[PDB]
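Below is one structure, written out as structure tokens; comments come after it.
There are 4 protein chains.
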Amino acid sequence: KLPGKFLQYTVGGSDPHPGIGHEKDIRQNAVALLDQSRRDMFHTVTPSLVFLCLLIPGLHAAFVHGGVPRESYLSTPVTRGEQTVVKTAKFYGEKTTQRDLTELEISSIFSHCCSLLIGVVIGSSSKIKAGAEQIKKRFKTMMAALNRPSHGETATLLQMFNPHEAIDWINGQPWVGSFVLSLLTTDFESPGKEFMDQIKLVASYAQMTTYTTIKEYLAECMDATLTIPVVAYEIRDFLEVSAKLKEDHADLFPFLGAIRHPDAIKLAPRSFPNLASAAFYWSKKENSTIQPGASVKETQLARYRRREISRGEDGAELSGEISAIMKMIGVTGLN
Amino acid sequence: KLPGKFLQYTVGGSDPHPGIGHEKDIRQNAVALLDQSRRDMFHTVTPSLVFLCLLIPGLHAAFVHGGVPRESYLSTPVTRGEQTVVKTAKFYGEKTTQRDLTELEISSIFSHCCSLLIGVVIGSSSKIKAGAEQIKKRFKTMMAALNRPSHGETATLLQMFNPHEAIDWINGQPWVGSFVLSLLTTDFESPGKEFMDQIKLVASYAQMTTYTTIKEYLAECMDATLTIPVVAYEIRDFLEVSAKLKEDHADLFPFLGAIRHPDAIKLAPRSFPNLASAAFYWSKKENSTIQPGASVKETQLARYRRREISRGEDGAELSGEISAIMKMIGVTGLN
Amino acid sequence: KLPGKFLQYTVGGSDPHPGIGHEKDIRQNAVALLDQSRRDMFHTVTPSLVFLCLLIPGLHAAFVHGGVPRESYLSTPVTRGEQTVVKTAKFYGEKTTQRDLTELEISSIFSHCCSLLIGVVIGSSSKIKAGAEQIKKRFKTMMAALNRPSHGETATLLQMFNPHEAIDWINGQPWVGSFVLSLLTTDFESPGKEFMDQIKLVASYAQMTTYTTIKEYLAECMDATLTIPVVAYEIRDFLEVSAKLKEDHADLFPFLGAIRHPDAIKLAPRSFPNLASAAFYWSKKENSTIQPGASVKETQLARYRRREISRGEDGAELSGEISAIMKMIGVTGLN
Amino acid sequence: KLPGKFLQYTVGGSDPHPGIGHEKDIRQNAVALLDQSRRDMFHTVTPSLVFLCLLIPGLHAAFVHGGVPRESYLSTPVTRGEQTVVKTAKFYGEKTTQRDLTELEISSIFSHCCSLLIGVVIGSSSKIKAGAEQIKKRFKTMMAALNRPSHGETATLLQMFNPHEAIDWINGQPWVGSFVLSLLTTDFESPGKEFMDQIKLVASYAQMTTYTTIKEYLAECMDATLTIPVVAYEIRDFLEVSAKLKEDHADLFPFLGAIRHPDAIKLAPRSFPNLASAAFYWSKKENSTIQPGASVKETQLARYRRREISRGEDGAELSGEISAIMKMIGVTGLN
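Chains as they are written, first to last, in full-length UniProt numbering: chain A, 28 to 314, 323 to 370; chain B, 28 to 314, 323 to 370; chain C, 28 to 314, 323 to 370; chain D, 28 to 314, 323 to 370.
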């Protein structure tokens, strides 16, 4: 037999970290890090954080308050001075040929940051590494709203720099929820307004998939699984807990997941295990599902799924007008 | 609180751009850019544009008229003459050992351009970067039509050069719709005829997915969602708007999306929000869906989906002949 | 307007090609090309062809007869002798430290060739570049049949050398069908028997997807689309054409697609356009579909799909024994 | 005709192999191999095996007993001493600046090993190379259980080192089942307890997909395919064989696949070919299927699928309470 010993955690350790540099250097740092060979010199996350600081004045100080270092680790240490340097708070080169950003560079930074912040609001980098045509559509919509629709296709100067590492890094920080809350509740001047319009659409019910799946089930299910007593008693509790949270949080209710609010857990599957089981079962059949703590069984869900419920009748006859419209498409009536 | 400031657009900026070189140099430029190490010297989009100019005589001048530069940016600037050179209008080498294209090189250029132009007509590079077995099938069909079926498999000399960047770049230009219109309406000599036969098949109803989804729904839906009054009133309007557009555009009607015609917006979901909602709902159930401006609700769609409509009866008895055919496959009759 | 001119094919051209070397050198060539740095020196397809020649004695001469060159193009020409050398018929190094293959190297070559030949039989490299867990399962089954099940996991010495280019290249050659026919009809000694057992399973009805989809539809469809007259008349013709082909080809009938037999076209969608349309429609609904030349419409298919057919009744009562078995799983009877 | 000869296996051969080094060097070896440039010096599997030895005290000796070499092959041989060295049992550098692991390095090793061991229990690397968001969720759950939830996102120091090769290598060794059995039955101290909690969840019914698919079918199927006599007789045998195995193996029953127990074959499709065919058919329709040795036909499965069975009735009236709850969601009663 193995003895049952296991590797134990040590205490502390310095690991490499990204940084944000100095506030006075944001623009010069951002311009320098538009170049891949410059990005290669630093921790991969650093340029994404610098770009965010450029995008949103005031964010640099917020990051500093959250404990984000000014210094970024270097990709390779340098022995410049008999001393070994592993990090620096400046990212632009000795060759300080300061230029300004171009319009297309700005749109490209917006593209990078749009993907980055979508990942932060949804709490995952998996889609940005992959499920990305929907992200491009959001960016195109933003660029159209800013009267620059061509940039939806052409603002590709950072296309090779995927923000996935920075999504993960931000998602692991204790202040991520506060960061999201600030983005969602700040009234930004254009073009920030248009930028955040897209982030707000994505953030709505983000990380509240149990809640939205149950809501879909309660609206759309046409079978008797809804009537299984342990499910039904949880339906009443779910609607009441939801109502209490809606009253308490008002316009922030759809953002509870995105802001990592502790109340979001009140709408997790463990809170309504039988109802979540039934809704997940329905959802997978319409497109295991049995949750920890549920007493309902798959065999019961199967049997009740075969029985129909009613959501009211609406008339056994079409109006003459609707009958005529139906004739246009080859429909003769109700069956 | 963040102050609500946001990064502002600057005005202007020179960014790197591809180019098309000079008309007299198209073939020499194309031959040179068949080599990956030569392509590495220039903006990634340049060779795709040069190949298009080789494919279609007359296109170079059209591109020039649209504002496409002759000069391509270089991958790396050169300090040749105390002056810094960042771009050039010639892509072939000092070593000017001019050869002609081989048959297989021509088919390979056709392959590259086939993928490129499919992306341009559909308005997306996502499938060419990925969903590509269907594209190979179109290319194989072209090569068979040109009595060179083996080239469908073997014309792979540009297989490592994916046109995705050039798709995006072209899709961002103001003349893209005119470019597509010219391809679709020009009577090309062989082998252009056969090439464009494939592009025309792909372009038919490209970027008109709302229109085709609604048409599918109106033809195939067998439930009462069609009869929901707000849906039904939009069905009549949709069929009439469609008829007006068909009259106005005739043989170009299926190409309105591909040519980026402003009338295409008359068939977008915002134009028929309730009908689009019902058709999208049906479409996802057969394979949210509620559109901005729609009053129909998912719960209503669910309830009506459970009620059948009729599209006419056809007889309660099979013919003796059809009954006998049904016996061949183990079918005893209607149920 | 564009003038309607298009790029014309040239005649001839020498392009790079793979080669098979000399028969006496097969084993030494194969051993040398097990090393990636050696493979990098030659056309990418060459090692796959050499490995096939090693796998199957006699194949080298067959390839020579089919016009396959002994010489492979080099990745880079060499100016060795004031003359420029672009190709060679020997692939092993001056350092001629001849060793024999190991058991694990042999299994690794079998792995590479298994993937390669699956691609050749199915006529596509798309799955080998991707849909590959099913291929590994076939290889594991082979290795188990050869009393070397561990090699199903460990024979990975060629894992970085994907055969996709060689699949495409072979699939473009005029002799591919004859090559497949020879593999399927030769009685190989072990371990060839076990190897080809897997290839034969994959080859069965490969590239006969229209035929197998229609057969599935005729066996499994439970709706009245089968009874639409234009569909039904084609069902009778399809079953009779199929019967004629089965009589003519006997045990080779399932291989008509794999061997690129001209009779395979008699079972293509163009041969039975209404039936193929109905079967494809059914198939997509159970998991456009309207074929060129079909008169049946999607709206008709939709309407008939809603009507049930019968395939006979079997009794309204379960046997006492079957009733008792049903009680074991919570089933009370027929409904 | 080809002669029917085929490549024959040779006997023996030395191939490259990974190694585990010496027990006294585990930690120093692990620290060294946290660096990619050091990993590049050795067989790809070596660091994964070293990390496992670090994770679980006692495992090194178990591996030695199973025949795992101490020496790892080098990526490149060295001619250090007029002798050619191809392998070594030490992986840390001459520059022996011994440091301890950081907390984040430990969590990163846990991440790597979590993915590795999931692959070993399920018997496949395909998901770890790809289907990986579910794996990250398990790791996040572990890190939360260890009061280090941020590490679920941030412990990415080995993110570029995918364990797929080590999964395959371990899966090919004769002792893999014993290895899994030891992991599943050892009572580990924290943080091993929490680590193995996740592995145990994944291992439950791993590689017993036929068993779990049949169980799902027997619980959830609502059609008469269950009553086809050859299917039904196998249902009774399946439930009895399952009961015998449950009695014999008790708490290890769900792990029979994971531990590569010979009894797992008693629940393979060949053991119940008609039942497996029916369950697979149902499963694919709810989300060929006909198994070798089955007499049931797809056409029979199709016909019986259209007939409903009953699993008992539960009342034709809702309770007043359940009726009122149904009113909250727009449901008026049973239909």
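No residue lacks a Cβ here, since even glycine has one placed at the ideal position from N, Cα and C.
Is there a Cβ of chain D sitting closer than 7 Å to that of residue i, yes or no?
i	result
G365 (chain A)	no
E333 (chain A)	yes
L128 (chain C)	yes
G199 (chain A)	yes
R346 (chain C)	yes
Alpha carbon to alpha carbon, how far is residue i from residue j?
i	j	result
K293 (chain B)	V268 (chain B)	8 Å
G368 (chain C)	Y339 (chain D)	13 Å
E98 (chain B)	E109 (chain C)	38 Å
residue 375 (chain C)	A59 (chain A)	The structure shown does not extend to residue 375 (chain C), since chain C is modelled only from 28 to 370, so the question has no answer here.
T252 (chain A)	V258 (chain A)	8 Å
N301 (chain C)	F265 (chain C)	11 Å
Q161 (chain D)	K167 (chain D)	10 Å
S41 (chain A)	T129 (chain D)	7 Å
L76 (chain B)	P256 (chain B)	51 Å
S304 (chain B)	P296 (chain D)	44 Å
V366 (chain C)	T254 (chain D)	10 Å
residue 317 (chain D)	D52 (chain D)	Absent here is residue 317 (chain D), because the residues of chain D run from 314 on to 323 with nothing modelled in between.
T71 (chain A)	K362 (chain D)	55 Å
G146 (chain B)	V148 (chain D)	43 Å
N189 (chain B)	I364 (chain D)	52 Å
Check the Cβ of residue i against every Cβ in chain E and list those closer than 7 Å, keeping chain order.
i	result
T213 (chain C)	The displayed structure is made up of protein chains A, B, C and D, and chain E is not among them.
Applying the 10 Å Cβ sphere with the 16-neighbour rule, what's the burial state of residue i?
i	result
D127 (chain B)	exposed
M187 (chain A)	exposed
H92 (chain C)	exposed
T37 (chain B)	exposed
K164 (chain C)	exposed
residue 318 (chain A)	Chain A lacks coordinates between 314 and 323, the interval that contains residue 318 (chain A).
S152 (chain B)	buried
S135 (chain D)	buried
residue 24 (chain C)	For residue 24 (chain C) there is no data in the structure shown, the boundaries of chain C being 28 and 370.
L228 (chain B)	exposed
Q125 (chain B)	exposed
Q35 (chain B)	exposed
Beta-carbon of residue i versus every beta-carbon of chain B: anything under 7 Å?
i	result
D195 (chain C)	yes
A295 (chain C)	no
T254 (chain A)	no
Checking contacts by CB at 7 Å: is residue i closer than that to chain A?
i	result
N56 (chain D)	no
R287 (chain B)	no
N174 (chain D)	no
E50 (chain D)	no
Is residue i close to chain C, meaning its C-beta is less than 7 Å from at least one C-beta of that chain?
i	result
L34 (chain D)	yes
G219 (chain B)	yes
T237 (chain B)	no
- Query: Quick one: complete alpha helix (DSSP H) runs, 4+ long, within the segment 48-95 of chain C?
  - Reply: 53-59, 63-66, 73-82, 86-93
- Query: Do the segment 206-225 of chain C and the segment 193-206 of chain B touch if we need at least three Cβ pairs shorter than 8 Å?
  - Reply: no
- Task: Identify every run of the alpha helix (DSSP H) within the segment 195-230 of chain A, keeping only runs that are complete inside it and at least 4 residues long; order them along the chain.
- Result: 203-212, 219-230
- Item | At least three beta-carbon pairs within less than 8 Å, the segment 51-67 of chain B to the segment 164-181 of chain B | no
- List in chain order: all unbroken beta strand (DSSP E) runs of 3+ residues lying wholly within the segment 262-306 of chain D. none
- Is the segment 356-364 of chain C touching the segment 329-336 of chain D, taking contact as three or more C-beta pairs under 8 Å? no
- Are three or more beta carbon pairs between the segment 201-210 of chain B and the segment 224-243 of chain C nearer than 8 Å? no
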